[PDB]
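Starting off, we have a lone chain in the form deposited in one PDB entry, written out as structure tokens.
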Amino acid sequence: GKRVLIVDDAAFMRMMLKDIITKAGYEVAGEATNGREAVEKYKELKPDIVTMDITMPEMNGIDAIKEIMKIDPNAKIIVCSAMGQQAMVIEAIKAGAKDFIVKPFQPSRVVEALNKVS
């Protein structure tokens, strides 16, 4: 109930997040750079939580949310967005995501999101 799958194309953002996740005592089940991989790794790892980057809509992360819900209507998915993406956040929340964080990350906020959702 502590395994997280991180989805984000930015290697460095991924790492940062891992640092945070890990220090807060959670565990990194795995990493993905895009929606398809995520789905595939989600099926393979059955992670506890999923962190999903939605900054670039052309990546269709929202569609991945949905794909995963089909697969597990119990999935707990947090979404990373950037400032001013409130509309996407709402669509993601609309599609099943439980919460959202904003870049640039505030360790405390991410820990809180994680915890709330766990």
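Throughout, rigid core stands for the largest set of C-alpha atoms superposing within 1.5 Å between the two forms. The numbering used is simple: start at 1 and walk along the sequence shown.
Chemist: Say the other structures are aligned on the rigid core; which stretch then has the higher CA RMS in 5 other deposited structures of this protein, 82-90 or 26-34?
Modeler: Stretch with the higher C-alpha RMS distance in 5 other deposited structures of this protein: 82-90.
Chemist: After fitting on the rigid core, pick out whichever of 67-75 or 53-61 shows the bigger RMS C-alpha deviation in 5 other deposited structures of this protein.
Modeler: Relative to the shown form, the greater RMS C-alpha distance in 5 other deposited structures of this protein belongs to 53-61.
Chemist: If you average the CA temperature factors as listed in the entry, which stretch comes out higher, 69-77 or 43-51?
Modeler: Comparing 43-51 with 69-77, the higher mean C-alpha B-factor belongs to 69-77.
Chemist: Tell me which of 21-29 and 101-109 has the higher mean C-alpha B-factor in the deposited entry.
Modeler: Looking at the record's C-alpha B-factors, the answer is 101-109.
Chemist: Among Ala64, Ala92, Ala82, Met56, single out the one with the highest C-alpha B factor in the record, please.
Modeler: That would be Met56.
Form solved in complex with a partner chain: not shown, discussed below.
Chemist: Report yes if any heavy atom of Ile71 sits within 4.5 Å of a heavy atom of its partner chain in the bound PDB entry; otherwise report no.
Modeler: Outside the cut-off, so no.
Chemist: Do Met56 and its partner chain come within 4.5 Å of each other in the bound PDB entry, heavy atoms counted?
Modeler: No, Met56 sits far enough from its partner chain in the bound PDB entry that none of its heavy atoms falls within 4.5 Å.
Chemist: Report yes if any heavy atom of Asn34 sits within 4.5 Å of a heavy atom of its partner chain in the bound PDB entry; otherwise report no.
Modeler: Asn34: no contact with its partner chain in the bound PDB entry.
Chemist: Residue-level question: is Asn60 within 4.5 Å of its partner chain in the bound PDB entry, judged on heavy atoms?
Modeler: Residue-level check for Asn60: no, no contact with its partner chain.
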